[PDB]
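Fold and contact review
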Amino acid sequence: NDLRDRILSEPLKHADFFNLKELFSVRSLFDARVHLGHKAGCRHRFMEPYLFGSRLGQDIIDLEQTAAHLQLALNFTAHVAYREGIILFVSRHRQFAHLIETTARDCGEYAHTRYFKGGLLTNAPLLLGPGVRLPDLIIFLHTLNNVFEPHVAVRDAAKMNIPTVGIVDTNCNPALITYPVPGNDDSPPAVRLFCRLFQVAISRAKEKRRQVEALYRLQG
Amino acid sequence: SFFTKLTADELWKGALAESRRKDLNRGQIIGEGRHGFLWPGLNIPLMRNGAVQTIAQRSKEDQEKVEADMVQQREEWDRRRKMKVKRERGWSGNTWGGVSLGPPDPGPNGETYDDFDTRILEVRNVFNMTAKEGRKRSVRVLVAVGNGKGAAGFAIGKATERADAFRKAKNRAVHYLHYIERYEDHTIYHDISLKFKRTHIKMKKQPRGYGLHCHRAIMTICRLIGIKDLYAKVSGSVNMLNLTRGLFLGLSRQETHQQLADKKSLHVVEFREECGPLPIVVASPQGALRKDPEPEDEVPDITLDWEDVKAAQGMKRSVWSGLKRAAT
Amino acid sequence: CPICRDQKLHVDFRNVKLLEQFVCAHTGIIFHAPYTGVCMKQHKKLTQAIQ
Amino acid sequence: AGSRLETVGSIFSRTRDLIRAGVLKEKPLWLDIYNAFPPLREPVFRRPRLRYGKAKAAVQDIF
Amino acid sequence: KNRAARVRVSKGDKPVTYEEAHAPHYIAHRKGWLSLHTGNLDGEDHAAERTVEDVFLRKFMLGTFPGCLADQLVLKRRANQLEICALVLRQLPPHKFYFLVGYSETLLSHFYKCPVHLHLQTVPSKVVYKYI
Ligand SMILES: [Mg+2]
Ligand SMILES: [Mg+2]
Ligand SMILES: [Zn+2]
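Residues numbered from 1 in each chain as written, not as in the entry; some residues may be left out. Chains lettered and ligands numbered in written order. Part of a larger assembly, values for the part shown. Heavy atoms only, no water.

**Some words on the overall build of chain E**
Along the backbone of chain E there are two helices and four strands. The secondary structure elements of chain E, listed N-terminal to C-terminal, are β-α-β-β-α-β. Taking the principal axes of its C-alpha atoms as reference, chain E extends roughly 50 × 45 × 20 Å. Total accessible area on chain E stands at roughly 8700 Å², and carbon and sulfur atoms take up 55% of it. Across chain E, the 19 positively charged side chains and the 12 negatively charged ones have centroids separated by 11 Å. (Helix = DSSP H or I, 4+ residues; strand = E, 2+ residues; numbered from the N terminus. Areas by Shrake-Rupley, 256 points an atom, 1.4 Å probe, with all protein chains shown as cover. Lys, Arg positive; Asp, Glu negative; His and termini not counted. Charge placed at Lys NZ, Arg CZ, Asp CG, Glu CD.)

**Observations concerning the overall build of chain B**
Check the secondary structure of chain B and you find seven helices and eleven strands. Summarising its shape, the C-alpha atoms of chain B cover approximately 110 × 60 × 45 Å along the three principal directions. Each of the 328 residues in chain B was classed as buried or not, and the buried ones make up 30%. Summing over all exposed atoms, chain B offers an accessible surface of approximately 22600 Å²; the carbon and sulfur share of this is 51%. (Buried < 20%, exposed > 50% of the residue type's maximum accessible area, 1.4 Å probe, protein only.)

**Digging into the UniProt feature "domain: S5 DRBM" (unreviewed entry) in chain B**
Using the residue numbers shown here, the UniProt feature "domain: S5 DRBM" (unreviewed entry) corresponds to residues 116-180 of chain B. Taken end to end, residues 116-180 of chain B has its terminal C-alpha atoms 15 Å apart, with 20% of it in helix and 58% in strand. (UniProt positions renumbered as here; feature names shortened; annotations may be inferred.)

**Examining the arrangement of the chains**
Here five pairs of chains make contact, and the pair sharing the most contacts is chains A and D. Nothing in chain C touches chain D, and the closest approach of their C-alpha atoms is 27 Å. These two, chain A and chain E, are apart from each other, with no contact and a minimum C-alpha gap of 19 Å. (Contact = heavy atoms within 4.5 Å.)

**Description of the interface of chain B and chain E**
At the junction of the two partners, chain B supplies twelve residues and chain E supplies eleven residues. Buried surface at the junction of chain B and chain E, both sides included, amounts to about 1000 Å², of which 80% is carbon and sulfur. Taken together, the connections running from chain B to chain E amount to two residue pairs in polar contact. (Buried area = accessible area lost by both parts, 1.4 Å probe. Polar contact = N/O pair within 3.5 Å; in protein donor to acceptor, adjacent residues only side chain to side chain.)

**A few points about the packing of helix 4 (residues 216-225) of chain B against helix 5 (residues 240-252) of chain B**
Describing two packed helices takes the angle between their axes plus the distance from one axis to the other. All names here are of chain B. Two elements in contact, helix 4 and helix 5, have axes whose closest approach is 10 Å; the angle formed by their N-to-C orientations is 40°. Taken together, the axes of helix 4 and helix 5 are oblique relative to one another. For helix 4 against helix 5, the interelement crossing comes out right-handed. Judged by residue contacts, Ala-217, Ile-218, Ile-221 and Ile-225 of helix 4 engage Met-240, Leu-243, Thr-244, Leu-247, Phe-248 and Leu-251 from helix 5. Here the residues of the contact of helix 4 with helix 5 are counted per class, giving nine nonpolar, one polar and no charged. (Axes fitted to C-alpha atoms, helices over the stretch in contact; angles between N-to-C directions. Parallel < 35°, antiparallel > 145°, perpendicular 65-115°, else oblique. Left-handed = near helix turned anticlockwise from the far one by under 90°. Nonpolar A, V, L, I, M, F, W, Y, C, P; charged D, E, K, R; others polar.)

**Some remarks on the pattern of salt bridges**
Evaluated as defined, the whole model comprises 36 salt bridges over all chains. A salt bridge links A:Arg133 to A:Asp136; the nearest nitrogen and oxygen atoms lie 3.3 Å apart. Here B:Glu76 makes a salt bridge to B:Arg80, at a shortest N to O gap of 3.3 Å. Pair noted here: B:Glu76 and B:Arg80 are both in helix 2 (residues 60-82), with a separation of four residues, about one helical turn. Look at the salt bridges and you will find they share partners, linking A:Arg155, A:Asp156, A:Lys159 and D:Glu6 into a network. (Salt bridge = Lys/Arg side-chain N within 4 Å of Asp/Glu carboxyl O.)

**Topic: the nonpolar core**
A:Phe24, A:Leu29, A:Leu70, A:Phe76, A:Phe89, A:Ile139 and A:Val165 are the most contacted members of the largest nonpolar core, which has 50 residues in total. Top contributing element to this core by residue count: helix 3 (residues 63-82) of chain A, with eleven residues. Excluding anything up to four places from it in sequence, A:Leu29 contacts A:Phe24, A:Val34, A:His35, A:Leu63, A:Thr66, A:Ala67, A:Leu70 and A:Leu193. Listed in part, the 31 residues of the second largest apolar core include B:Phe196, B:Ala232, B:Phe248 and B:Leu251. (Core = buried A, V, L, I, M, F, W, Y, C linked by side-chain atoms within 4.5 Å.)

**Describing the interface of chain A and chain D**
If you look at the interface, chain A gives 36 residues, while chain D gives 33 residues. Taken over both partners, the interface formed by chain A and chain D buries close to 3200 Å², and the fraction arising from carbon and sulfur atoms is 61%. Seen at the junction of chain A and chain D, the total is three salt bridges. Measuring nitrogen to oxygen at the nearest pair gives 3.3 Å for the salt bridge that ties D:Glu6 to A:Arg155. Summed over the shared surface of chain A and chain D, the result is ten residue pairs in polar contact. Elements that contribute at least two residues to the side of chain A that touches chain D include exactly strand 2 (51-55), helix 3 and helix 6 (152-160) of chain A. The element that contributes the greatest number of residues to the side of chain A that touches chain D is helix 3 of chain A, accounting for six residues. The residue makeup of the side of chain A that touches chain D, split by class, is 18 nonpolar, ten polar and eight charged. Where strand 2 of chain A meets strand 1 (residues 60-61) of chain D, two bridges bridge the pair, whose relative direction is parallel. Within strand 1 of chain D, the position partnered with A:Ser54 by the bridge is D:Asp61. (Pairing = 2+ DSSP bridges.)

**Concerning the pairing of strand 8 (residues 199-205) of chain B**
Residues and elements named next belong to chain B. Across five bridges, strand 7 (residues 192-196) lies against strand 8 in antiparallel orientation. The partner of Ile-192 across the bridge, within strand 8, is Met-203. Connecting the antiparallel pair strand 7 and strand 8 is a turn made up of two residues, with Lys-197 showing a positive phi of about 45°. As paired strands, strand 8 and strand 9 (residues 230-236) are joined by seven bridges and run antiparallel to one another. The partner of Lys-205 across the bridge, within strand 9, is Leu-230.

**Some words on a nonpolar patch on the surface**
Together, B:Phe2, B:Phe3, E:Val52 and E:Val55 give the surface a local cluster of nonpolar side chains, amounting to about 330 Å² of exposed area. Structurally, E:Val52 can be placed in helix 1 (residues 47-64). (Patch = residues over 30% accessible without salt bridge, like charges linked within 9 Å, V, L, I, M, F, W, Y side chains within 5 Å.)

**Some remarks on the environment of B:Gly27**
Topologically, B:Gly27 is positioned in the loop between helix 1 (8-16) and strand 1 (37-38). Each C-alpha atom, one on B:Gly27 and one on B:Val71, is 9.9 Å from the other, the two residues being 44 residues apart in sequence.

**Points about the packing of aromatic side chains**
If you walk through the whole model with that rule in mind, you get 21 aromatic pairs over all chains. Taken together, a centroid distance of 6.1 Å and an interplanar angle of 75° make the contact between A:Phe17 and A:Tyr82 edge-to-face. With A:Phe17 in the loop between helix 1 (2-9) and helix 2 (26-31) and A:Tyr82 in helix 3, this residue pair connects regions lying 65 residues apart in the sequence. We classify A:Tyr82 as buried; its relative accessible area is 1%. Residues B:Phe37 and B:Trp39 carry aromatic rings whose centres are separated by 5.3 Å and whose planes lie at 20° to one another, so their mutual orientation is stacked. Residue B:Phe37 is classed as partly exposed on the basis of its relative accessible area, which comes to 32%. (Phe/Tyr/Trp six-rings, centres within 6.5 Å; stacked < 30°, edge-to-face > 60°.)

**Overview of the state of the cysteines**
Summed over the entire model, instances satisfying the criterion amount to zero disulfides over all chains. Here A:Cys195 stays free of any disulfide, with the sulfur of A:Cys107 as its closest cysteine sulfur at 8.4 Å. (Disulfide = S-S within 2.5 Å.)

**A look at the sheet that holds strand 9 of chain B**
By definition, the strands of a sheet pair up through backbone hydrogen bonds, in either a parallel or an antiparallel sense. All names here are of chain B. The strand order across the open sheet formed by three strands is 7-8-9, and the pairing between neighbours is antiparallel. Where the open sheet ends on each side, the last strands, each with one partner, are strand 7 and strand 9. Strand-to-strand twist across the sheet, computed as the mean angle between neighbouring axes with direction ignored, equals 15°.

**Notes on the packing of helix 3 of chain A against helix 7 (residues 188-218) of chain A**
All names here are of chain A. Where helix 3 contacts helix 7, the two axes come as close as 8 Å, and the packing angle between them is 40°. Taken together, the axis directions place helix 3 and helix 7 in an arrangement best described as oblique. The handedness of the crossing between helix 3 and helix 7 comes out as right-handed. In contact with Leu-70, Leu-74, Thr-77, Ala-78, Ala-81 and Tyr-82 of helix 3, helix 7 contributes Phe-194, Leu-197, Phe-198, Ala-201, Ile-202, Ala-205, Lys-208, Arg-209 and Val-212. Tallied by class, the residues present in the contact of helix 3 with helix 7 amount to twelve nonpolar, one polar and two charged.

Written out as structure tokens, the structure reads:
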């Protein structure tokens with residue numbers, strides 16, 4: 001009992017514990033096109049702070065803020081993975097469907113990229129099974145449905161006390177998402193980037209978990 | 001004519017007429033009879049000290065007695081059916097408002113609430129127009145739940161049979177809980193004036209001896225939250241639902257001493273009247289306490305409710321106001 | 001009433017444990033009958049008692 | 001159960017407070033992690049109001 | 001709307017015996033016949049008697065065995081002897097059951113002037129085919 005408390009509480013004292021600082025740069029995000037938004041016409045009203053400014057009608061995210069945010073997001077993701085809990089990626093976006101499953105399957109994490117049945121998280125035990133565990137963390141690579149409303153899962157995760165980490169875009173509404181990352185959802189370099197990053201954070205959390213378990217076993 | 005007769009159930013269907021039921025299966029043993037025979041396997045155990053009792057007949061009087069026994073049995077059952085009227089009244093008589101519904105149901109996860117009281121706020125008969133049936137009658141109950149420890153909530157539920165609906169509202173209401181922050185664990189923190197959809201709620205923060213002066217619904221809700229001292233007057237439309245929604249929004253609208261302290265970065269200091277000038281501290285600004293005094297205006301600009309100011313000068317003369325009423 | 005439905009209860013100046021629950025703890029003033037629900041006779045006897 | 005109200009406040013609020021009322025008997029994971037590293041702004045719900053009259057945006061064009 | 005020997009759809013909670021759940025048009029398709037005797041075949045006599053007889057044994061068994069009868073009572077006639085099968089619920093203490101076995105067999109045999117054979121198959125609770 002004592003040493004398990006030790007194993008879980010130890011990583012919280014170190015801001016870097018999974019050492020993700022090196023996993024990207026502002027240059028990196030810059031070549032992954034993250035800094036591009038939609039036309040100023042399609043902008044949401046709640047992106048006004050996260051934006052940098054309008055270049056000839058096209059809006060541009062603040063990459064400094066992107067890094068500050070994404071850091072915290074990835075850190076969070078990791079600390080959940082290490083603590084051995086469910087992670088569910090979600091996107092409706094078609095171009096990237098395959099990626100996101102192919103990503104998630106390799107993380108030992110789950111994706112839901114599909115039509116999203118309505119009562120899914122809200123009414124779990126009826127939909128999924130007689131009693132069931134629910135995603136510990138939900139992670140959106142797009143915040144939208146193909147009809148350009150907010151994906152149900154946002155309202156629902158938020159409804160269920162699940163934390164949420166997702167990429168807001170200039171048109172999207174950030175406000176219900178626990179940890180946002182402002183950034184471009186549309187360009188494939190960007191999706192790929194975010195994919196592989198959450199992938200890696202997961203992998204490192206899992207490895208580090210295994211390790212500290214082995215050390216736990218030598219100490220005993 | 002033995003051929004003409006029927007089964008009991010059929011007779012009760014065609015007696016009752018649903019297009020109260022007494023049972024004749026109760027009280028009669030096997031072999032029980034008016035001609036009073038004791039049959040070796042039924043009326044009597046198969047053997048006595050000596051084996052294999054024969055077929056025997058009781059007396060006249062032994063039978064008069066067993067018959068008296070069955071008669072007194074029927075009397076007992078009738079009394080037991082008539083004694084079945086007992087109740088606890090919620091607000092008034094046949095109003096289900098404030099009636100205890102009993103603790104909600106244990107969820108799927110083994111989660112159990114024996115701590116949660118439920119009260120029915122409003123039971124209402126609601127109708128619809130169905131091409132088939134003509135009118136269609138539903139019952140909808142608005143119900144609240146709380147443990148007294150400050151977390152509580154409410155929900156609506158609706159079903160054809162009212163029993164069903166009581167159930168439904170219970171369970172759905174555990175799903176929406178608010179935490180309601182109480183000062184010194186009875187009052188609210190500061191006054192709340194809140195307009196919500198054609199209904200105005202206003203509530204003053206009382207000291208301790210002053211129990212729960214409120215709209216009967218709001219009393220009920222405040223016993224479920226665990227708020228023991230409150231003044232609350234309601235203006236405009238009184239409809240139950242808007243009222244409880246309003247009240248809950250308002251009591252979650254609350255700004256706590258800690259939060260006041262934090263945003264203003266100053267100490268907050270309670271001046272009791274009973275304790276004189278003694279400047280009790282309630283809250284301190286974790287982080288940096290400001291070195292800056294705050295502006296004292298000879299003239300504060302605040303919304304002032306004419307009702308409070310009318311109260312202040314002795315201008316509320318309504319004979320209903322100062323009434324003695326029963327305990328909280 | 002509370003007081004007279006139970007005959008074994010005695011209204012006196014002596015039992016403080018009975019008279020206590022008819023006085024407001026914080027305000028130290030007695031309740032008028034309707035707060036409590038006692039009858040007028042027992043309420044007058046209670047005021048005179050607390051005195 | 002819990003509190004499904006999406007408007008009331010951040011998940012942090014509701015969860016912390018429902019535990020505070022000892023209704024929720026099990027501290028959830030993300031909760032502790034959250035306490036450790038909170039995000040910039042609490043995830044609180046806001047009506048997306050339209051702008052009327054003279055109100056424009058704060059965006060600075062880029063030249 | 002045919003009301004014949006049918007059991008209506010409830011709120012869905014109502015327990016139903018396999019027999020009472022299969023409507024009249026179903027006889028000889030899924031459901032079987034509750035009785036068997038020669039009398040209705042092409043060249044045959046005295047069908048009526050076995051019908052009165054059958055009816056009376058339905059009422060008789062329902063009345064001699066109170067509250068303990070499970071499903072409708074299965075009569076067979078073979079070469080002048082009756083074979084009466086019953087599904088019977090377990091309520092009675094077994095002594096009483098055998099009392100009534102002897103009672104019935106004897107009484108009937110002397111009533112219909114032909115040898116009767118009785119069989120009780122005991123069941124813990126009414127079998128539920130549907131709902132519940
Ligand atoms: Mg009445
Ligand atoms: Mg027809
Ligand atoms: Zn009295």
